[PDB]
Amino acid sequence: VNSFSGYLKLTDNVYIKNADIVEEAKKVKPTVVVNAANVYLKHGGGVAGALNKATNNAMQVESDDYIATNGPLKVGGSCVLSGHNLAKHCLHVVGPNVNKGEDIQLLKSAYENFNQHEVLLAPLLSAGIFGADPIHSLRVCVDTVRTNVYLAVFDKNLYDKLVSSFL
Ligand SMILES: OC[C@H](CN1CCCCC1)Nc1ncnc2[nH]ccc12
Ligand SMILES: [Cl-]
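What follows is the structure in structure tokens.
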């Protein structure tokens, strides 16, 4: 039993809700919130910009030190950093950005990072401003993640479209 509320159950392990991931994380304080990151951990917009804003830029400050030490992430890769005031940990995961010409096949590799954590609050990777098809992102999530994932979908029409089209 966990403290996630109001989710629709899609499979044995994948749950979905229409919600702002920032507000969800503040309420639940999950062990892990997933950020839709880029390789430079520059949290400018989308989920990343919103999560960073909610930390009063502390996420960005921590991220800049991470990059200065380690260099950029790989597309499809991840790192674990602090969750600040939102969660215990933030798993920064880089899905391919179609608006940069990155290979969509890397979306499966990106979701594989979730399997290192028993329970996660997450967005749909490569959706939104990353330019991929969200129906596809959900399909890959369900077919790749085996741990318990609580998906927060920002947009209501998308959420309803995602639920109504789910196989
Ligand atoms: O897939 C990621 C989605 C993309 N979404 C954005 C709205 C329009 C349709 C596409 N972004 C978010 N998902 C959950 N919480 C969020 N907080 C801020 C952004 C955000
Ligand atoms: Cl977005």
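Note that UniProt numbering numbers the sequence shown so that position 57 is 1081, with each residue one more than the last.
Ideal Cβ placement from N, Cα and C applies to all residues, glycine included.
Should residue i be listed as close to ligand 2, given that the test is whether its C-beta is under 7 Å from any heavy atom?
i: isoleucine 1159; result: no
i: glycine 1119; result: no
i: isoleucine 1153; result: yes
Excluding the 5 residues flanking residue i on each side, which residues of the same chain have their C-beta closer than 6 Å to its C-beta?
i: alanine 1082; result: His1108
i: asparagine 1121; result: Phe1154
i: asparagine 1137; result: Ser1102 and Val1117
Rounded to the nearest angstrom, how far is the Cβ of residue i from that of residue j, given a contact under 8 Å?
i: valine 1052; j: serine 1087; result: So it is not a contact: roughly 22 Å between Cβ atoms.
i: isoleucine 1128; j: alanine 1156; result: 6 Å
Shorter than 7 Å, the distance from the beta carbon of residue i to the closest heavy atom of ligand 1, or not?
i: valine 1071; result: yes
i: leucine 1148; result: yes
i: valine 1177; result: yes
i: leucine 1130; result: no
i: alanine 1061; result: no
i: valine 1057; result: no
i: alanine 1134; result: no
Excluding sequence positions up to five away, which residues of its chain have a Cβ less than 8 Å from the Cβ of residue i?
i: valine 1057; result: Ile1045, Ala1049, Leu1075, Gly1107, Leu1110, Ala1111, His1113, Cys1114, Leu1115, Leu1144, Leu1145 and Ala1146
Going by the CB atoms, is the gap between residue j and residue i shorter than 8 Å?
i: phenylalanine 1190; j: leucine 1034; result: yes
i: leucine 1186; j: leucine 1162; result: yes
i: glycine 1070; j: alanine 1060; result: yes
Excluding five sequence neighbours on each side, which residues of the same chain lie with their C-beta closer than 7 Å to the C-beta of residue i?
i: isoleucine 1091; result: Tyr1064 and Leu1065
i: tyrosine 1031; result: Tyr1039, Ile1040, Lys1041 and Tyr1174
i: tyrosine 1183; result: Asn1042 and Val1177
- Query: Counting Cβ pairs closer than 8 Å, one from the region 1036–1048 and one from the region 1083–1099, do we hit at least three?
  - Reply: no
Stretch pair the region 1137–1153 + the region 1164–1179: three plus CB contacts closer than 8 Å: yes
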